[PDB]
Amino acid sequence: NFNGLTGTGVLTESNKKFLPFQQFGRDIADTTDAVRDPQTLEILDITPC
Amino acid sequence: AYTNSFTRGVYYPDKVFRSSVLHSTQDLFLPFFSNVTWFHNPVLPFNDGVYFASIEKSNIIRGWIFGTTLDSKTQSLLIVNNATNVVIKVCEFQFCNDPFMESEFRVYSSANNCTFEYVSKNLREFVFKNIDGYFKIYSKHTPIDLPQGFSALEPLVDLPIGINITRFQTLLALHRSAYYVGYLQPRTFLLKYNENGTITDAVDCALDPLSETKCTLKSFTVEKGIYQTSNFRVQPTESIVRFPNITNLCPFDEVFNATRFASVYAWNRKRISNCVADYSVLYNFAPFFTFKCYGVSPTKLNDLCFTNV
Amino acid sequence: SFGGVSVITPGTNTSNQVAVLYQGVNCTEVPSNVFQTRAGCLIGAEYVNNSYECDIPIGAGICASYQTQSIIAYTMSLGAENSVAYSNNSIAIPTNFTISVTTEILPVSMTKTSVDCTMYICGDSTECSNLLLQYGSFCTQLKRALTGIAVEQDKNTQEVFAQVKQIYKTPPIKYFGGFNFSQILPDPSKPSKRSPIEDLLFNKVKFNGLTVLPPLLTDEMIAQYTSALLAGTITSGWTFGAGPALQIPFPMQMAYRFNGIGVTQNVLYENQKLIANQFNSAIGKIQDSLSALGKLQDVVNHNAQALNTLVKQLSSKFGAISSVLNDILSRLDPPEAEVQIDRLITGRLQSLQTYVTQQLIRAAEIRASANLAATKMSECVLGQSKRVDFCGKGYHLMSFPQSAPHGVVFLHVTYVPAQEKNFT
Amino acid sequence: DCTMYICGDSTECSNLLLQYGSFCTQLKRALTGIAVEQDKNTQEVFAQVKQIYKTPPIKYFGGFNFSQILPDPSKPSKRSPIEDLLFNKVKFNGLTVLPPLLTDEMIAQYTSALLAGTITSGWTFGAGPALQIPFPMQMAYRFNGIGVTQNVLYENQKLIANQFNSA
Amino acid sequence: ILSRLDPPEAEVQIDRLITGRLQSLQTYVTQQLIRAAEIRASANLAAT
Amino acid sequence: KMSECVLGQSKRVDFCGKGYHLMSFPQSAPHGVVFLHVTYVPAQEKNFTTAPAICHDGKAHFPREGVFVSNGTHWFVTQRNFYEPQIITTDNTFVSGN
Ligand SMILES: *[C@@H]1O[C@H](CO)[C@@H](O[C@@H]2O[C@H](CO)[C@@H](O)[C@H](O)[C@H]2NC(C)=O)[C@H](O)[C@H]1NC(C)=O
Ligand SMILES: *[C@@H]1O[C@H](CO)[C@@H](O[C@@H]2O[C@H](CO)[C@@H](O)[C@H](O)[C@H]2NC(C)=O)[C@H](O)[C@H]1NC(C)=O
Ligand SMILES: *[C@@H]1O[C@H](CO)[C@@H](O[C@@H]2O[C@H](CO)[C@@H](O)[C@H](O)[C@H]2NC(C)=O)[C@H](O)[C@H]1NC(C)=O
Ligand SMILES: *[C@@H]1O[C@H](CO)[C@@H](O[C@@H]2O[C@H](CO)[C@@H](O)[C@H](O)[C@H]2NC(C)=O)[C@H](O)[C@H]1NC(C)=O
Ligand SMILES: *[C@@H]1O[C@H](CO)[C@@H](O[C@@H]2O[C@H](CO)[C@@H](O)[C@H](O)[C@H]2NC(C)=O)[C@H](O)[C@H]1NC(C)=O
Ligand SMILES: *[C@@H]1O[C@H](CO)[C@@H](O[C@@H]2O[C@H](CO)[C@@H](O)[C@H](O)[C@H]2NC(C)=O)[C@H](O)[C@H]1NC(C)=O
Ligand SMILES: *[C@@H]1O[C@H](CO)[C@@H](O[C@@H]2O[C@H](CO)[C@@H](O)[C@H](O)[C@H]2NC(C)=O)[C@H](O)[C@H]1NC(C)=O
Ligand SMILES: *[C@@H]1O[C@H](CO)[C@@H](O[C@@H]2O[C@H](CO)[C@@H](O)[C@H](O)[C@H]2NC(C)=O)[C@H](O)[C@H]1NC(C)=O
Ligand SMILES: *[C@@H]1O[C@H](CO)[C@@H](O[C@@H]2O[C@H](CO)[C@@H](O)[C@H](O)[C@H]2NC(C)=O)[C@H](O)[C@H]1NC(C)=O
Ligand SMILES: *[C@@H]1O[C@H](CO)[C@@H](O)[C@H](O)[C@H]1NC(C)=O
Ligand SMILES: *[C@@H]1O[C@H](CO)[C@@H](O)[C@H](O)[C@H]1NC(C)=O
Ligand SMILES: *[C@@H]1O[C@H](CO)[C@@H](O)[C@H](O)[C@H]1NC(C)=O
Ligand SMILES: *[C@@H]1O[C@H](CO)[C@@H](O)[C@H](O)[C@H]1NC(C)=O
Ligand SMILES: *[C@@H]1O[C@H](CO)[C@@H](O)[C@H](O)[C@H]1NC(C)=O
Ligand SMILES: *[C@@H]1O[C@H](CO)[C@@H](O)[C@H](O)[C@H]1NC(C)=O
Ligand SMILES: *[C@@H]1O[C@H](CO)[C@@H](O)[C@H](O)[C@H]1NC(C)=O
Ligand SMILES: *[C@@H]1O[C@H](CO)[C@@H](O)[C@H](O)[C@H]1NC(C)=O
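Heads up: these notes are all about the structure in this document. (Residues numbered from 1 in each chain as written, not as in the entry; some residues may be left out. Chains lettered and ligands numbered in written order. Part of a larger assembly, values for the part shown. Heavy atoms only, no water.)

Scanning chain E from N- to C-terminus turns up one helix and zero strands. When its C-alpha atoms are laid out on the principal axes, chain E stretches across 65 × 15 × 10 Å. The buried share among the 48 residues of chain E stands at 27%. Approximately 3,400 Å² of chain E is accessible, and the part contributed by carbon and sulfur atoms is 53%. Between the averaged position of the 5 positive side-chain charges in chain E and that of its 5 negative side-chain charges there is a distance of 13 Å. (Helix = DSSP H or I, 4+ residues; strand = E, 2+ residues; numbered from the N terminus. Buried < 20%, exposed > 50% of the residue type's maximum accessible area, 1.4 Å probe, protein only. Areas by Shrake-Rupley, 256 points an atom, 1.4 Å probe, with all protein chains shown as cover. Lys, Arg positive; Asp, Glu negative; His and termini not counted. Charge placed at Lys NZ, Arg CZ, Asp CG, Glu CD.)

As structure tokens, then:
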């Protein structure tokens, strides 16, 4: 759970670059696939099990 | 004067990152190729959001004023920016009718009950909107009559104010020693994102029949053929309510004209039946001292139906 | 008055002009060039009195084209007119001929898909998972319906390509009476083992339960079936399909094949060099026409769009307050959450059942095509057919198969007469 | 038109209908996919010619009288006497019917081209250039193709033509 | 339905009509796909 | 198949069994039909040397039906489906070209 974003999956270092106001990203078909850690400000991919 | 926008007033509809995904969104935008008023001043309406562009290397625009009355006795928003940084503030003000050594700030003379504080050529674009008590501002400053191009605007603030807005003004720095005003409408666009996640292009889905085809197909390149995109629906005009006439007007004409009335202790009693009724002779009778109606209003005495009168 | 609105476009790579058809709308009730057709009112195109080949079909005999820097409407032409010089003692007899080669493409198989009903409907939620027990055996039907048509997809490809018992090889001395077959035979210097023409054919073309199963036969295995069919028909003619492969020189195979269409065999042997030159050029033109396959791309696109639509139905409320199962139950009231979750289950189950019904309807279309492709393999490649138009246009001589990603491509070689003269 | 059937031009219903997703896009795609194939089905049965063949002004043929299957300019749409007999025996809310691409006149043109081709050149135009041959000789070849000799046609020419005309 | 019910009560009745009418329209289109395969098969025989 | 395999002889490859179709016999099955396909299958091949034509008197002779074969020392005409050699004569062949 990332401040409201509830889900399940494996967290890994990403290679995306958000804009300096965006918290999380979605893929095509509108499903969350990356988030930013509120504390460390790093983008993590959320692949599925 | 008036000018023609090209593709301007497009802002990031929300957070949520994204990659190569021709995403379709519905929101409040400035329509493409719209009719934007030009000013070189008077209170302007709000009605639903505002587009605000300008051009000038110096800084002539010295804040805005928003609200419902633009006067005292009620709270309003005031946005100023001195050579330090932007200052959002929400108080009850008393504004000069003409607001404007090197001494300044003759805009207001009262700042009561403040509920929010904050301290901290060239094209300077802004998008203002006010939804569910939140006053959003998008902006971007890009260096170079406006030119022609596309540039998406990013969120600047998030302000949980609660303020209502119906009108606003502008503030200018006078000489003692140019801006645009658009408005937003509910439209649909097809937004093209690059791999960095920024909006690089857009299609206005309510312009030329070809754009409606692009929007339905979710593409910017349409192959030759024929495409069903929408529908034609004729609309009805006027509302005509026809009805009968009367016939058995069910004569009230005697109970209000009986030459010999009855003493109160033995009072007469006449019961209407399933006949015609028209109370317009009563209400419009012209001569009356007391007429009070308890169950139903005196005018809705015809839009109803009862069994025994 | 109501009706559809269609947009006529020459293509964004040609122009940005457009005309609009208001379907069965009278031209007095629409709100330049206004044209009335039996299909509605066409605005933005000029109607001409000439007649062209149909390009963009409008309807009721009317087509549109981008010809006469603008957009026009017209009544398409069916073809050129020709009066035959018929009399009761005149005959036309050909004095020459050409060899023609044409292609035909058929889909054989499609993508095998399965959906786990529990992960689609509930998605890792124990409250929903227990509620699925009140609906009976719907998931049993869903798994069997999709599995029963997934097994047929491997059968479809075995019946088209696995029609030969032995794996035949050609001799190293690839040279057959002057005929050059190097573009249809495997080329020992390529990805896996494809012919130069098959390379054009292959080069031109875990969410929440929605799983894609791999085919049983790989593309390397199909290439090996098609190369064995090619070796048999070049070295053994049509004998390997009725018993043992019997060798016969190729020039003599082609002479038999002319006899089978009514041409004497001396006509080939005295013109052998001409027929080999014409064949070799005709094959070389195939790569230009390929460098088409819409019958294969449509299968991929139609199934991909059905899988995407199935996912998108997971954001419908179906009369509930929220679409998310971890939302409703959490903030509401269990007795009410159960009724709203059952509405989500019912709506999502109906979506998933619609998906399965359309897969069974589409599976029958792929099987019908695969049965036709298997029939052509035996009757066009393993023999000489007399069925008109069945094995290409002209008098059938022979066919060579090529593999495609989810189908098969036939190269049809036909005999076409030319240059007729008048006689009494 | 999905919306006009389900709600019938009512803003309360049509706004609630949006909550069900995109069912109204699936319905349109399904109907479009089968409405396009209706013209493809007709196109592949009749468009089996490249040229539009016409018959000669004279019409001796050989004794055969094909006047009951060939076009008659004096009849509607220039149909044959038998094509006329065939066509002599055989709106609301959001529902429409789309017209075919091929008109009935265009279909008559396809059938008259097939009929003019075969009576004058037999089956040769389906393999290349149309080659004329007298009709009487065409019938003799057709008997040969079934294992009957050619003299059986040529010595019975009037008998075969009489049986055909009566049939 | 929109004249003898308050908005929170009329929504429930509109969903019942949408569900019923949508089900009927979706059945109609499925049956046409099933018949469309048969006319196409007949047209292929006529073309042959 | 009932029409084309049982009521006649078909030339369609693999439509009426494996091999060269001779005849078929139907049998009834519950909810179905069983076809007994009778086919002709060649066996026991030998290899021979062949040639498309034969020269005699400066003229080319071609077979009417069959192929020319050589047993090692002499040439014969045979039919294509069964080995049965005959002597090459002017009644077995026709002349065309040089
Ligand atoms: C939130 O607080 C943490 C500390 O609790 C901040 O972490 C610092 O991050 C910077 C780099 O950005 C490091 O140089 C510091 O050493 C970190 N401090 C510690 C104690 O580890 C973090 O940056 C803060 N986040 C924001 C957005 O300000
Ligand atoms: C009682 O009777 C009198 C007269 O019969 C009605 O008076 C009429 O009032 C209307 C409206 O002002 C006038 O146009 C008529 O001219 C009047 N009548 C006459 C004869 O002048 C009166 O309306 C009756 N009472 C009621 C309740 O209708
Ligand atoms: C084939 O048709 C031609 C006409 O195209 C016939 O020639 C006609 O023959 C009749 C007698 O049978 C003459 O009276 C005409 O004057 C001829 N016409 C011309 C233009 O010369 C010919 O007879 C036909 N052949 C057969 C066997 O019936
Ligand atoms: C039959 O037609 C072919 C063409 O289809 C003729 O062959 C061509 O002849 C011309 C003229 O000599 C050459 O320039 C071409 O190179 C030939 N083409 C090919 C592919 O070889 C052929 O000569 C004709 N036969 C007869 C007897 O006229
Ligand atoms: C058969 O055709 C192929 C081409 O499809 C010929 O290969 C070409 O030969 C020329 C001459 O050596 C080269 O310049 C080309 O690079 C070759 N092409 C490829 C793709 O390798 C081949 O020579 C022909 N065979 C015969 C016997 O003529
Ligand atoms: C065979 O002869 C006929 C005439 O009997 C030729 O017909 C010509 O056709 C063309 C159109 O293709 C007409 O423009 C000419 O007027 C016709 N000529 C005559 C004399 O009527 C026909 O072209 C000839 N066929 C061949 C293959 O040469
Ligand atoms: C073709 O044959 C038909 C008869 O099958 C002929 O038409 C009829 O001819 C008789 C006289 O023999 C008339 O009484 C009928 O009225 C005719 N019918 C029609 C519909 O006109 C026809 O004349 C023959 N055509 C030719 C060119 O001889
Ligand atoms: C006809 O001759 C060929 C050789 O020209 C025979 O094929 C050979 O068969 C032997 C025995 O199976 C193999 O060891 C050789 O490798 C084959 N040679 C080649 C080039 O493939 C063939 O078997 C002979 N047919 C008969 C009936 O004897
Ligand atoms: C090929 O067959 C011929 C004919 O059978 C054999 O030649 C001999 O021919 C004479 C007549 O010219 C006969 O009287 C002999 O009986 C034949 N000998 C035999 C063994 O059949 C010839 O021998 C055969 N060649 C080979 C290589 O077997
Ligand atoms: C914008 O509309 C006004 C009328 O409201 C008109 O006078 C003006 O010319 C328009 N501007 C442009 C650029 O068309
Ligand atoms: C800038 O303006 C704000 C608002 O009036 C004020 O609080 C602040 O002191 C100003 N800064 C300077 C340097 O005057
Ligand atoms: C706002 O200011 C007025 C005096 O101008 C005061 O009477 C009132 O209590 C204030 N309201 C609040 C919420 O502090
Ligand atoms: C804004 O004004 C509307 C009336 O136009 C009123 O109903 C609403 O409550 C006001 N909003 C706030 C936050 O005061
Ligand atoms: C932004 O996009 C450009 C291509 O338009 C790319 O070259 C560049 O690397 C991107 N920047 C970042 C930080 O990813
Ligand atoms: C499509 O555009 C390309 C350039 O991007 C061009 O080469 C090609 O000719 C165009 N096609 C047509 C049909 O105009
Ligand atoms: C359109 O209406 C007019 C009468 O207003 C009529 O004359 C005309 O024929 C109508 N067009 C069609 C296509 O029905
Ligand atoms: C087409 O021809 C007709 C006569 O057949 C004529 O009346 C009409 O004006 C012509 N149309 C054009 C566009 O020239």
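Residue and element names in this part refer to chain B. Among the structural elements, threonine 3 can be located in strand 1 (residues 2-4). Taking the C-alpha atoms as reference points, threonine 3 and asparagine 35, separated by 32 residues in sequence, lie 6.2 Å from one another. Contacts of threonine 3, omitting those with residues within four sequence positions, involve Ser34, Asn35, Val36 and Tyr180. (Contact = heavy atoms within 4.5 Å.)

On to the interface of chain C and chain D, then. Taken residue by residue, the interface counts 42 residues in chain C and 42 residues in chain D. Here chain C meets chain D over a buried area of about 3,600 Å², counting both sides, of which 61% is carbon and sulfur. When the area that chain C buries against chain D is broken down by residue, the three leading residues are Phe2, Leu78 and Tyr86 of chain C, summing to 23%. Counting across the chain C and chain D interface gives one salt bridge. A salt bridge links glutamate 81 of chain C to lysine 54 of chain D, with the shortest nitrogen-to-oxygen separation between them at 3.0 Å. Where the side of chain C that touches chain D is concerned, the elements lending two or more residues are strand 6 (56-59), strand 7 (62-65), strand 9 (81-83), strand 10 (91-107), helix 10 (294-312) and strand 14 (407-423) of chain C. The residue makeup of the side of chain C that touches chain D, split by class, is 20 nonpolar, 17 polar and five charged. By the bridge criterion, three bridges tie strand 9 of chain C to strand 1 (residues 52-54) of chain D in an arrangement that is parallel. Within the sheet, the bridge partner assigned to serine 83 of chain C lies in strand 1 of chain D and is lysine 54 of chain D. (Buried area = accessible area lost by both parts, 1.4 Å probe. Salt bridge = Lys/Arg side-chain N within 4 Å of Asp/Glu carboxyl O. Nonpolar A, V, L, I, M, F, W, Y, C, P; charged D, E, K, R; others polar. Pairing = 2+ DSSP bridges.)

Applying the stated criterion across every chain, the model contains 51 aromatic pairs over all chains. Relative to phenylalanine 66 of chain D, the ring of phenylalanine 64 of chain D lies with its centre 5.8 Å away and its plane at 10°, an arrangement referred to as stacked. On the accessibility criterion, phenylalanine 66 of chain D (11% relative accessible area) is buried. The structure contains a cluster of three or more aromatic residues connected by ring pairs, namely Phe39, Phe52, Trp64, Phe66, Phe126, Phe128, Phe135, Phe168 and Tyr179 of chain B. Over the ring of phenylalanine 202 of chain C we find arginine 194 of chain C, and its NZ or CZ is 4.2 Å from the ring centre. Directly above the ring of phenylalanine 15 of chain F sits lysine 1 of chain F, whose terminal nitrogen or CZ lies 5.8 Å from the centroid. (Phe/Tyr/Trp six-rings, centres within 6.5 Å; stacked < 30°, edge-to-face > 60°. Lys NZ or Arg CZ within 6 Å of the ring centre and 35° of its normal.)

Turning our attention to the layout of surface pockets. Here the second largest pocket is characterised by a volume of approximately 910 Å³. Along its surface, the second largest pocket is lined by 33 residues, and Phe318, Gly347 and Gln350 of chain C, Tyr20 of chain D together with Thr19 of chain E are the ones closest to its centre. Of all the elements in the fold, those that place two or more residues in the lining of the second largest pocket are helix 12 (334-381) of chain C, helix 3 (23-46) of chain D together with helix 1 (7-47) of chain E. Looking at the lining of the second largest pocket, the element that brings in the most residues is helix 1 of chain E, giving 13 residues. Among the residues making up the lining of the second largest pocket, the classes are represented as 13 nonpolar, 16 polar and four charged. (1 Å grid on protein atoms, 1.4 Å probe; cavity = no way out; pocket = protein on both sides within 12 Å on 5 of 7 lines; lining within 4 Å. Points joined across faces, edges and corners; volume = space filled by probe spheres on them.)

On to unusual backbone geometry, then. Residues other than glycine seldom take positive phi values, yet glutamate 238 of chain B does so here, at roughly 65°. Even without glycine at this site, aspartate 124 of chain C takes up a positive phi of about 60°. By the secondary structure assignment, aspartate 124 of chain C is in the loop between helix 1 (117-121) and helix 2 (126-131).

Glancing now at the sheet that holds strand 14 of chain C. All names here are of chain C. With antiparallel pairing, three strands are arranged side by side in an open sheet as 10-14-13. On the outer flanks of this sheet lie strand 10 and strand 13 (395-404), each paired with one strand and no other. Taking the axes of each pair of neighbouring strands and ignoring which way they run, one obtains an average angle of 20° across the sheet. In this sheet, strand 14 lies alongside strand 13 in antiparallel orientation, the contact comprising nine bridges. (Axes fitted to C-alpha atoms, helices over the stretch in contact; angles between N-to-C directions.)

The next thing to look at is the pairing of strand 1 (residues 2-9) of chain C. Looking down a regular strand, the side chains alternate between one sheet face and the other. Taken across its eight residues, strand 1 of chain C has seven buried, putting it largely inside the fold. Pairing between strand 18 (residues 225-233) of chain B and strand 1 of chain C: eight bridges, direction antiparallel. The partner of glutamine 228 of chain B across the bridge, within strand 1 of chain C, is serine 6 of chain C. Both strand 1 of chain C and strand 2 (residues 19-23) of chain C contribute to a ladder of four bridges, which runs antiparallel. Bridge pairing in strand 2 of chain C links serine 6 of chain C to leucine 21 of chain C.

Attention now goes to the pattern of salt bridges. Residues and elements named next belong to chain D. Counted by the stated rule, this structure contains 24 salt bridges over all chains. Across the salt bridge formed by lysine 75 and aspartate 72, the nearest N and O atoms sit 2.8 Å from each other. Relative accessible area serves as the criterion here: at 34%, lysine 75 is assigned to the partly exposed category. Residue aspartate 72 is classed as buried on the basis of its relative accessible area, which comes to 19%.

Honestly, it's all geometry; don't read function into it.
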